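Since every read-out is calculated from the coordinates, none of them should be taken as a lab result. Using ideal geometry, Cβ is built from the backbone for each residue, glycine included, and neighbour counts are taken over all protein chains shown.
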Amino acid sequence: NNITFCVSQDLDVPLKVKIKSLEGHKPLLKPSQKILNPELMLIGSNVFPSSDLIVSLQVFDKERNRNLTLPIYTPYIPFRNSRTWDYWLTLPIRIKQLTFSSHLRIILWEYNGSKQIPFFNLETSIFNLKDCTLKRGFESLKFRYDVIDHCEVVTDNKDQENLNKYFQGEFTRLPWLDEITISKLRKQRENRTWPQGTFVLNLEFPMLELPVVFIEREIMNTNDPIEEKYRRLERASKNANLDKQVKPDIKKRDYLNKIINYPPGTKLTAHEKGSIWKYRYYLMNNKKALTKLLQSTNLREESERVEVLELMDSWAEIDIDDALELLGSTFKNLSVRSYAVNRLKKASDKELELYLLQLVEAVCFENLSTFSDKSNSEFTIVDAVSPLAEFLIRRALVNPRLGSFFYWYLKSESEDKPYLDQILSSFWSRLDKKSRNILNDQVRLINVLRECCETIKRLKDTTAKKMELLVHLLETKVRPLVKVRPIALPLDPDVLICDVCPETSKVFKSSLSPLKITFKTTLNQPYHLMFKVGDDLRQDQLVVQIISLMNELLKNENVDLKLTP
Amino acid sequence: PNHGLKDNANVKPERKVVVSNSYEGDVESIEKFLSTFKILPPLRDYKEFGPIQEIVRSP
Amino acid sequence: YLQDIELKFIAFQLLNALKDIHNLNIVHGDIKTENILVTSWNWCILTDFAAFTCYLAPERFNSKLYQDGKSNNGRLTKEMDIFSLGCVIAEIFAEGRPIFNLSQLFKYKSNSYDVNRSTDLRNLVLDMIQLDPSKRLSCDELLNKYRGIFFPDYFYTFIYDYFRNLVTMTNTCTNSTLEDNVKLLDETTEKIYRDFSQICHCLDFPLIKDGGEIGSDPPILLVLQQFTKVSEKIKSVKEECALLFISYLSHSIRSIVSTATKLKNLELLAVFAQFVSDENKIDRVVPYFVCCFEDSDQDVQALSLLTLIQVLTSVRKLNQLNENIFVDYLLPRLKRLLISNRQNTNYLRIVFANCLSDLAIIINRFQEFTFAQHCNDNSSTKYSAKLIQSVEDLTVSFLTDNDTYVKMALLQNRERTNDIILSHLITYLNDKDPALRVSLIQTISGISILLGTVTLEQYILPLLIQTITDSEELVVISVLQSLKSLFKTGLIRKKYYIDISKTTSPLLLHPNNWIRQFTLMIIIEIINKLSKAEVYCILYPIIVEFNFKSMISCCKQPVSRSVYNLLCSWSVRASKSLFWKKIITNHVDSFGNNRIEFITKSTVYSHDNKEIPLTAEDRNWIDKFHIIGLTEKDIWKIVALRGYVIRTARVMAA
């Protein structure tokens, strides 16, 4: 065993105490039984029971007079043998948990007579004033009816024996003579005293190391109020007991409706959320009051989720424009994504323009995906390698152009998220028809074409030299364009490309080294195209898509700003 | 003792010799406990009564 | 919820003191708006120089005296303008809506206003409202005109406590850890000063603190948490005590900077001593939140159980009809929080809650009190009765969930829960349900008789407190005592406790007559507890002549007369069980020997007949190794049953 100083939280587990000896008062049978005497006619008169001393241990808490530790009691041997145990016992409170404020207590319960067994009481302190718990060491105690305690004299000698356990500087011959000091501690049995109304007990609790004790640590995080407290109070006011739901109406219904007309991304207050909670009737009435009421409540327990999801299919179908508010990652609810997918089951041409945000949704489509991945891996563990997602898959398999758009959108997300690379294969498996797959491979050759452009951007030469080289490369590319069959156009999925005019092509003088080429389509018309590499165009691309969508929003107003998308 | 070895796997601190001043807190009782032990036994050796010679032996 | 009657007056008083101090600082004129005063977890109002859509508070002087910018006049202001602005702001705080309007200013120019909304308060406010400079608002004079003689001193001590809060409230400006430090320190100092501060206004002798232990030392200072109760809300508030400062200090105690935070929250739970219906609801609501909050230290569950115990010590009838289903849901929330990290001990909390089951029944009685209160009206007595009946039928499910949790904790194995089931059995009186729980505890007693037979003893001793119908199970309990005679010596003492407990109240004479006929014969053991159990035979015989003869048949005392003479009889019955223990060792040795031979020269006596023949020469020399006296000639046939019992104890091994 090793001695060392180790603080409360630093120290790990719960306390234990071994208890052994006592001091015979000799006033009774050696078990402290019945108070023996020649006057025993009175003992029959006093009905004096013969009590066999046993023990019990529980700790008085902190001297705060609360109750913490566990009462515990052992078996019975002769207490006329003076019950020498050295028996260990314990309870469930760690040293880290143990408050430096704490105190031991013990009650010796004998076994006396009819409905009779005795009781004696004592108490003491757990740790040192030096914070070491009983110095993690052996001791001896004394106790009376009340207000009594322990000292050290011969117990101070025994404490020096604990200094043998406390590892004062020691040697091997000293250890043999410490066996001779087992003979000496054997000689220590000579002790004698004859007090009354009080008793002594020899109790050793030597540990390896000296404890130390303190409070537990804590964490301050994100002279102030906080968020979770407001949650506590607000949630405390959330009772809603009597379940009867009235269907009242008044002029305040208009004001409440106006309160529900606020923007989707807004964070509602307390009273407003409750007012929207009692607005369930009108909330079901107005289609624009759906998502707002959905965000007006928080679903955690199945209690709220019950009525919520029950009213999910009950309420009027919301506008698809307002459906994009509850389709975000802000609401991860299964019933929400379900019902929204049911509302988004209809896919218009504007869904193809919404594919850009659908890629964002695809990036946000993964929540606790370990279960789904394991589910797929379960069926993937057979053959060797060589949810609204189902709706997106059906929409991808439906129209080949939409599938090409989904693949092209997956091409960008493949870099950021590694799962998208396999999700592209899952998308290829989502589309049964391979008719679009051939043109998808012909359009996959465009990656090798871009690799050829990068190969042309690999070598450094003169401006005119790189121009002529770009012309030769445009010819070599013109050979492949005629060699390979027609594919899908970058400008529009409907239009198909035929070939490209070599001499009509141009070259940018910028640092990005962009390529400008006029390609004759299947409509027998030249189409100029400017491409770039070695950079992320996702910014300007999403901005362009936003410009086109906004242009559609302007066209919806029957007025054109004449902006080129 | 084996539990003390597990506590050694937990690895709290300790020192036999003098250690640097600990951070303020409830550990100030342990620091005062360190101040509750008599010290400078060795310091009395080099303090006064001149210098200290060395042992020179012979066959 | 944080808004209260005396609370608004307290905040307004603080604002008045701050404004008066500002007036004593020879500086004023800051525009008053409703956004000036801010609140924190301490729930205190703090005004700033910058009070920044909202209705503005105009200064009558600067308004009426303004012509072309007062002929290009520079910056000007007086304490009067701050008195009028402060007035209007105070009214705005009182009502919740302000008086500021164009028509209001025009009415101020009309020197008349309609007053609709206390006498002294209205006058003191109208003093500053009428004319700021002219009517002499005199903030200091109002500060001396403060109504409460008590409230002034209490808020003076609370002003010092507000200085303590300021000490807590206190590139590089201030450290981040300094906030947490200031918090924990503010709390510790708050309690340490809360001793004498409690002593100041409306105290009590007994308490849970050290100074409270000194106060309870005069009034006589098993294990339970108890202190001075509310006593019907401070005897219906004879001293008129209403304080939200305690709830403020509790809301401030919601945070936690150390394990001193445990004593902090405990001190808040002690501060809950003031009894208010609506306040007790939020106070108790905070406790469960604290429960489910910190999974770091296990002490959180303990403190939560303490605050919950205080909530059980609240003892108030339900103010709102919601209190029923809210408690029903409160139980479910605590059940959800009951699921937590492993190796943590929830046993104490289980015994505590089970002891609080009676308080749950009292909560049902509080629902009945709500029904009775709702029955006071006309044509609403039968409605409240039916409502209470339906709510009780719905409460049956809650009781089912509670019993389910109880059976779960009882089935959990973590033997500390079994000891926690003792208080559960003590408070089980509130539950009148079937014996199924006792059957689960019986199966638990069997599984305990398998492994934890020492604990099975202590549980069985406590199991004698059942005191329930169907006395036919008591026979199986007697068989369980015969099964308790198996190994554990503690089980023997426990069975002796159950023997005395059964000796107090009997059931069937004859069955217990034969029972005690065997048991008293087995009571001749020299064990200290065995003598105690042997002494119950005389008490049994008390509850006559035919029984006297029947007992005289097996009587070992020739000189026996009465109870005292029976004591002399037991005194003459003195024997040594050491040689009996050695004889048991010889019995186990015989069990290790060969009993195969049945040769010589199954009923009850057949066991003894097979016991005697088991040895011949060995048992003879063994009998010669003992005292071998005439008093040692006693056969003790019960030692054969205890021999098969110890054979079961050996059957628990190889």
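Could you say which residue among A:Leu256, A:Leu233, A:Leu201 is facing another protein chain (nearest Cβ under 10 Å), surrounded by 10 or more Cβ atoms within 10 Å (Cβ to Cβ) and not in a loop (DSSP other than H, G, I, E, B)?
A:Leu233
Which is of a type in the set (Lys, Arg) and within 30 Å of A:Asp224 (Cβ to Cβ), of C:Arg164, C:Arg117, C:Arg122, C:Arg147?
So the residue among C:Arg164, C:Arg117, C:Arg122, C:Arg147 that is of a type in the set (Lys, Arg) and within 30 Å of A:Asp224 (Cβ to Cβ) is C:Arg164.
For A:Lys62, state whether it is basic (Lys, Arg), facing chain C (nearest Cβ under 9 Å), more than 18 Å from C:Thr489 (Cα to Cα) and touching a strand residue (DSSP E or B) at 6+ places or on another chain (Cβ under 9 Å).
yes
With (1) touching a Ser or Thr at 6+ places or on another chain (Cβ under 8 Å); (2) part of a helix (DSSP H, G or I); (3) within 14 Å of another protein chain (Cβ to nearest Cβ) as the list, and A:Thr155 as the residue in question, which single condition is left unmet?
Unmet for A:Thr155, out of (1) touching a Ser or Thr at 6+ places or on another chain (Cβ under 8 Å); (2) part of a helix (DSSP H, G or I); (3) within 14 Å of another protein chain (Cβ to nearest Cβ): (3).
Condition (residue is within 14 Å of chain A (Cβ to nearest Cβ), within 26 Å of A:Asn112 (Cβ to Cβ) and among the hydrophobic types (A, V, I, L, M, F, W, C)) applied to segment C:443-457: is it met by at least one residue?
yes
Quick check on segment A:275-309: of everything there that is of a type in the set (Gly, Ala, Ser) and not in a loop (DSSP other than H, G, I, E, B), which residue is surrounded by the most Cβ atoms within 10 Å (Cβ to Cβ)?
Filtering first and then ranking leaves A:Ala289.
Any chance you could count how many residues in segment B:29-47 are more than 19 Å from A:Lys135 (Cβ to Cβ) and within 14 Å of another protein chain (Cβ to nearest Cβ)?
1
When segment A:1-16 is examined, which residues are found to be surrounded by 18 or more Cβ atoms within 10 Å (Cβ to Cβ) and either more than 9 Å from chain B (Cβ to nearest Cβ) or not hydrophobic (A, V, I, L, M, F, W, C) (or both)?
Within segment A:1-16, A:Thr4, A:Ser8, A:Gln9, A:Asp10, A:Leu15 meet the criteria.
Considering only residues that are assigned to a loop (DSSP other than H, G, I, E, B) and under 29 Å from the mean Cα position of the chain (by Cα), which ones fall in segment A:381-429?
A:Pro387, A:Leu388, A:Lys417, A:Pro418
Would you confirm whether any residue within segment C:514-521 is within 9 Å of chain A (Cβ to nearest Cβ), surrounded by 17 or more Cβ atoms within 10 Å (Cβ to Cβ) and under 23 Å from A:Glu110 (Cβ atoms)?
no
Residue-wise test of (1) of a type in the set (A, V, I, L, M, F, W, C); (2) out of contact with any strand residue (DSSP E or B) (no Cβ under 6 Å at 6 or more places or on another chain); (3) assigned to a helix (DSSP H, G or I).
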{"residue": "C:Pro511", "(1), (2), (3)": "no, yes, yes"}
{"residue": "C:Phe518", "(1), (2), (3)": "yes, yes, yes"}
{"residue": "C:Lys529", "(1), (2), (3)": "no, yes, yes"}
{"residue": "C:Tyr540", "(1), (2), (3)": "no, yes, yes"}
{"residue": "C:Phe548", "(1), (2), (3)": "yes, yes, yes"}
{"residue": "C:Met551", "(1), (2), (3)": "yes, yes, yes"}
{"residue": "C:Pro558", "(1), (2), (3)": "no, yes, no"}
{"residue": "C:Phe579", "(1), (2), (3)": "yes, yes, yes"}
{"residue": "C:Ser590", "(1), (2), (3)": "no, yes, yes"}
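Pairs needed: first member in segment B:22-39, closer than 24 Å to C:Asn181 by Cα; second member anywhere, among the acidic types (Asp, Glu); C-beta distance under 6 Å; at least 6 residues apart or different chains.
B:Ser22/B:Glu31; B:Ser29/A:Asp131; B:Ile30/A:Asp131
Do you know which residues across segment C:38-76 are in contact with a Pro (Cβ under 7 Å, 6 or more places away or on another chain) and within 14 Å of another protein chain (Cβ to nearest Cβ)?
Passing the criteria: C:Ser40, C:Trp41.
Among what's in segment A:83-120 and is under 38 Å from the mean Cα position of the chain (by Cα) and in a loop (DSSP other than H, G, I, E, B), pick the residue that is farthest from the other protein chains (Cβ to nearest Cβ).
Ranking the qualifying residues of segment A:83-120, first place goes to A:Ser102.
Any residue at all in segment B:48-58 that is part of a loop (DSSP other than H, G, I, E, B), among the aliphatic types (A, V, I, L, M), surrounded by 10 or more Cβ atoms within 10 Å (Cβ to Cβ) and more than 8 Å from chain A (Cβ to nearest Cβ)?
no
Before we move on, is C:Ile45 in contact with a helix residue (DSSP H, G or I) (Cβ under 8 Å, 6 or more places away or on another chain) and under 22 Å from C:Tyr146 (Cα atoms)?
In short, yes.
Can you tell me which residues in segment A:497-511 are hydrophobic (A, V, I, L, M, F, W, C), surrounded by fewer than 16 Cβ atoms within 10 Å (Cβ to Cβ) and more than 20 Å from A:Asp461 (Cα to Cα)?
Across segment A:497-511, the qualifying residue is only A:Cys501.
Return the residues of segment A:522-565 that are part of a helix (DSSP H, G or I), surrounded by 10 or more Cβ atoms within 10 Å (Cβ to Cβ) and among the aliphatic types (A, V, I, L, M); say none if nothing qualifies.
A:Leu542, A:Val543, A:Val544, A:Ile546, A:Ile547, A:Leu549, A:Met550, A:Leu554
Determine which single condition A:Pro248 fails, assuming it passes every other condition in (1) under 26 Å from C:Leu330 (Cα atoms); (2) surrounded by fewer than 11 Cβ atoms within 10 Å (Cβ to Cβ).
Tallying (1) under 26 Å from C:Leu330 (Cα atoms); (2) surrounded by fewer than 11 Cβ atoms within 10 Å (Cβ to Cβ), A:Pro248 fails exactly one: (1).
Which ones in segment C:223-236 are at positive phi and either surrounded by 13 or more Cβ atoms within 10 Å (Cβ to Cβ) or assigned to a loop (DSSP other than H, G, I, E, B) (or both)?
C:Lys233, C:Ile234
Can you name the residue in segment A:205-230 that is among the hydrophobic types (A, V, I, L, M, F, W, C) and facing chain C (nearest Cβ under 10 Å) and, of all such residues, is farthest from A:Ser8 (Cα to Cα)?
Selected residue: A:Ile226.
Looking only at residues that are more than 30 Å from C:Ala260 (Cα to Cα) and not in a loop (DSSP other than H, G, I, E, B) in segment A:236-253, which one is nearest to the other protein chains (Cβ to nearest Cβ)?
A:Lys252
Of everything in segment C:447-484, what is more than 23 Å from C:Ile420 (Cα to Cα), of a type in the set (D, E, K, R) and either assigned to a loop (DSSP other than H, G, I, E, B) or touching a strand residue (DSSP E or B) at 6+ places or on another chain (Cβ under 7 Å) (or both)? Give them in sequence order.
Passing the criteria: only C:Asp470.
Among the numbered conditions (1) out of contact with any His (no Cβ under 9 Å at 6 or more places or on another chain); (2) over 30 Å from A:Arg217 (Cα atoms); (3) buried (at least 18 other Cβ atoms within 10 Å of the Cβ), tell me where A:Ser32 comes up short.
It is condition (1) that A:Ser32 fails.
Within segment A:72-82, can you find the residues that are facing another protein chain (nearest Cβ under 7 Å) and buried (at least 17 other Cβ atoms within 10 Å of the Cβ)?
A:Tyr76
Scan A:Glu39, A:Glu23 and give me the residue that is away from every other protein chain (no Cβ under 11 Å), crowded, with 18+ Cβ neighbours inside 10 Å and farther than 22 Å from C:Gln458 by Cα.
The unique qualifying residue is A:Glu23.
Are any residues in segment C:531-584 charged (D, E, K, R), under 26 Å from C:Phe625 (Cα atoms) and surrounded by 15 or more Cβ atoms within 10 Å (Cβ to Cβ), and if so, which ones?
Correct list: C:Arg573 only.
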